[PDB]
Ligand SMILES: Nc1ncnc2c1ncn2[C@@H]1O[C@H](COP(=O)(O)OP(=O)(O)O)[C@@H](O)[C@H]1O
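Take a look at this one chain, the form deposited without adenosine-5'-diphosphate (ADP), written out in structure tokens.
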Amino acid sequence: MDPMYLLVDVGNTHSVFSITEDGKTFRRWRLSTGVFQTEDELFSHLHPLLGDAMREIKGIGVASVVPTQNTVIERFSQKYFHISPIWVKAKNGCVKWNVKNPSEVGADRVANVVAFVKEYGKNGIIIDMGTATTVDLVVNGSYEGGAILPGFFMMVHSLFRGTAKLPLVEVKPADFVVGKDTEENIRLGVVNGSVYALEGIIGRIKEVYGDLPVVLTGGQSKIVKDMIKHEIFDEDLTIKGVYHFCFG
């Protein structure tokens, strides 16, 4: 048998729900995380999406960076599936967590590192382009740390909100050397500039640690895929990590 698993990645903005019966093929959906969402509301949203699959679920695993949502997921699991979910957390084992406080690292990044070591080997740099844009370094199966910067949407929104005159710009790479209107100026600074920022952090990493392979993932990674030199593109890295952590 190939038991069906529900894997959940709870983000600040969006939550990913995915089912697998093997841990290699994932069907996935995405919902807004919302505020004050309830377990019945969650069930109601998932019902026409999962269809008949809903009744086959045998385990629920979750990585969450939104502690407020966690009792909702717990309640959903118990009411609808009569099980408690398994929660992604940094713990001792095959990944060494070489940072000041491993329990402080977001469950999403933990999950990425778990999936990495499990599928891609012992040495790597993970770029997760999501709500935040995250860089994470794995050396010899030890998590060594990383960098955080605002994600693309976070940046354009910040300029729109933090300013009287700037518009909210659609995230799209610039193909010019300087922008000729406001929208172009922001595409160039936020999109192309964040790509330069990443290329720069990776560069300094590689000077100290070698020539590690780079995996790209995240909700916002598809738009700039080509622009960053990478060995692996894997949109399912986080959900793979939940799967491996919880269900091995």
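In this text, residue numbers run from 1 along the sequence as written.
Below, we turn to the form solved in complex with adenosine-5'-diphosphate (ADP), even though it does not appear here.
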query: Residue (of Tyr80, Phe153, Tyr120, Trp97) lying close to adenosine-5'-diphosphate (ADP) in the deposited bound form, criterion heavy atoms within 4.5 Å; finding: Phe153
query: Interface residue in the deposited bound form among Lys206, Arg27, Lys222, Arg30, criterion: non-hydrogen atom within 4.5 angstroms of adenosine-5'-diphosphate (ADP); finding: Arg30
query: Which of 41-49, 214-222, 189-197, 54-62 sits within 4.5 Å of adenosine-5'-diphosphate (ADP) in the deposited bound form, heavy atom basis; finding: 214-222
query: Close approach of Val138 to adenosine-5'-diphosphate (ADP) in the deposited bound form, 4.5 Å, heavy atom; finding: no
query: is_contact(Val114, adenosine-5'-diphosphate (ADP)) in the deposited bound form, heavy atom dist at most 4.5 Å; finding: no
query: Partner contact for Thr131 in the deposited bound form: adenosine-5'-diphosphate (ADP), 4.5 angstroms, heavy atom; finding: yes
